[PDB]
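Below is one structure, written out as structure tokens; the observations come after it.
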Amino acid sequence: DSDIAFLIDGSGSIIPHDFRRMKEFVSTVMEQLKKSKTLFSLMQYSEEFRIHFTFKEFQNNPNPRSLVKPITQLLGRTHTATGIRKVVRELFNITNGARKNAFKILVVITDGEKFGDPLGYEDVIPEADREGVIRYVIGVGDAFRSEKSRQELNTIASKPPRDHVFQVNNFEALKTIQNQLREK
Amino acid sequence: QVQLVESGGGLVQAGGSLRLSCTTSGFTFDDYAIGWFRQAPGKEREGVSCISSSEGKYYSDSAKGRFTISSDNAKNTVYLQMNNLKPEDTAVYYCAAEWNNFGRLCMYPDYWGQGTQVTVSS
Ligand SMILES: [Mg+2]
């Protein structure tokens, strides 16, 4: 009943330890939601974009360790706004195993420092809202330690921002999604 | 029960300094990150600073370099030392608390104090 898409920041600003912590965060969310009606898909972004597995591909091999372990960090600039657009258009397409009438969740894991993107958040959030994609945001590193990155997290987060911004150092985001999905 | 009581406000000349105090009670002090917000009337609201035992310290762009947030863990009180104050810093200063296990450094506080007036004149 729910299609959860991950968009992970692989840019040069994500240190290797945090990028590890992103990998085990995503793996734990999938692993906790196996044997349920949740399908999963992942895109890594920096200035280039790699779909490491689609909704259809997770359906054919629902092993979170096997899907996440070979993921290697891209580095480079931070094209977050373009990354948002590609997830909505490519990952949440029926051709990739996404379901039309499902609960659409995007999980963005970044440090909140878009850099070099030709697109703005103002240009991509209406597209996400049009498909009913609920957007959760996981701040990493020093994301919460500068006023610029914090106010960025609200712009990307869903309409009640207080329900949708969390940290990667805990799994409070997963509990909120689980409580959300149980309500659904 | 839950209280967040601001004190240390008032009128100060430009270039002066003030130390605000946020004396807290009615909750376990260590479970929460405590932060400072401000809103002058007819102006937008701003985050200023926050202190968490696990996530460290946060300062807004206007606050960094001038301001210092600190915590007296024994008396459950958080202080904001504000140096080099300016007339544009005139606002009602609120202290607030957020459950620290979210790890967000006071982005969405769960409790708000009543606020105290800080005035900065030339
Ligand atoms: Mg970067």
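Quick one: check the C-alpha center-to-center distance for region A:132-154 versus region B:14-74, whole angstrom. Going from one Cα centre to the other spans 20 Å. Here B:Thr28 and B:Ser54 are evaluated by their C-beta separation; at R0 = 25 Å the FRET efficiency comes out at 0.95. Rg then Dmax, both in Å and based on the Cα atoms of chain B: 13.5, 42. Among B:43-50, A:29-36, A:165-172, sorting by the average number of other beta carbon atoms lying within 10 angstrom of each residue, highest first, gives A:165-172, B:43-50, A:29-36. Highest mobility in the GNM of chain A, judged by mean-square fluctuation with C-alpha springs under 10 Å and restricted to A:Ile156, A:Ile84, A:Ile15, is found for A:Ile15. Apply the a/c threshold of 1.5 to the C-alpha gyration tensor of region A:142-184 and tell me whether it is rounded, prolate or oblate. Note, shape of region A:142-184 comes out oblate. Under a 10 Å cutoff between Cα atoms, tell me which one of A:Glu47, A:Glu113, A:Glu152 has the largest fluctuation in the Gaussian network model of chain A. Most flexible of the set in this elastic network: A:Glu152.
Note on A:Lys56 and B:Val2: the model spin-label points, each 7 Å out from Cα along the C-beta direction, lie 4.9 nm apart.
Rounded to the nearest 500, the helix-only mean residue ellipticity at 222 nm of chain A stands at -9500 deg cm²/dmol, with each DSSP H run of n ≥ 4 adding -39,500 (n - 2.57). The phi torsions of region A:136-143, fed into the Karplus equation with coefficients 6.51, -1.76 and 1.60 and a -60° offset, translate into couplings of 9, 10, 10, x, 10, x, 8, 4 Hz, rounded to whole numbers, with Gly and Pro shown as x. Distances between placed amide hydrogens fall under 5 Å for A:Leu7 paired with A:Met43, A:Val107, A:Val108, A:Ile109, all partners being 5 or more residues away or on another chain. Per residue of A:164-170, other chain Cβ atoms within 10 Å of the residue Cβ number 4 on average.
Could you work out the percent of alpha carbon pairs in region A:50-129 separated by over 17 Å, rounded to a whole number? Roughly 55 percent, once rounded to a whole number.
Using the Karplus relation 6.51 cos²θ - 1.76 cosθ + 1.60 with θ = phi - 60°, the per-residue 3J(HN,Hα) values for region B:85-102 come to 5, 10, x, 5, 7, 5, 5, 7, 9, 9, 9, 8, 10, 10, 4, 5, 6, 5 Hz, with x marking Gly and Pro.
Once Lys and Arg get +1 and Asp and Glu get -1 on their Cβ, which of B:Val5, B:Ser17, B:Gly113 lies farthest toward the positive end of the dipole of chain B? Projecting each Cα onto the dipole axis, the largest value belongs to B:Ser17. The mean count of C-beta atoms from other chains within 10 Å of the C-beta of residues in B:102-112, rounded to a whole number, is 5. Most simply put, chain A has about 15% antiparallel DSSP beta bridges, counting only bridges with both residues inside it. Taking one quarter of the surface of the C-alpha convex hull of region A:1-179 gives a mean projected area of 9.1 nm².
Value of Rg to Rh for the protein assembly as shown, rounded to two decimals, is 1.03; Kirkwood radius and Rg both from alpha-carbon coordinates. The charge dipole of chain B, taken about the Cα centre with unit charges on the Cβ atoms of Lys, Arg (+1) and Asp, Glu (-1), comes to about 320 debye, rounded to the nearest 20. For the residues of A:151-161, the average number of beta carbons from a partner chain within 10 Å of their own beta carbon is 1. Each residue of region B:48-56 is assigned a 3J(HN,Hα), and the resulting list reads 10, 6, 8, 9, 10, 5, 9, 9, x Hz, derived from the Karplus form 6.51 cos²θ - 1.76 cosθ + 1.60 (θ = phi - 60°), x at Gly and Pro.
Methodologically, a virtual Cβ is constructed for each residue, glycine included, from the backbone with ideal geometry; neighbour enumeration extends over all protein chains shown. Bear in mind these aren't lab numbers, they're just calculated from the coordinates by the rules spelled out.
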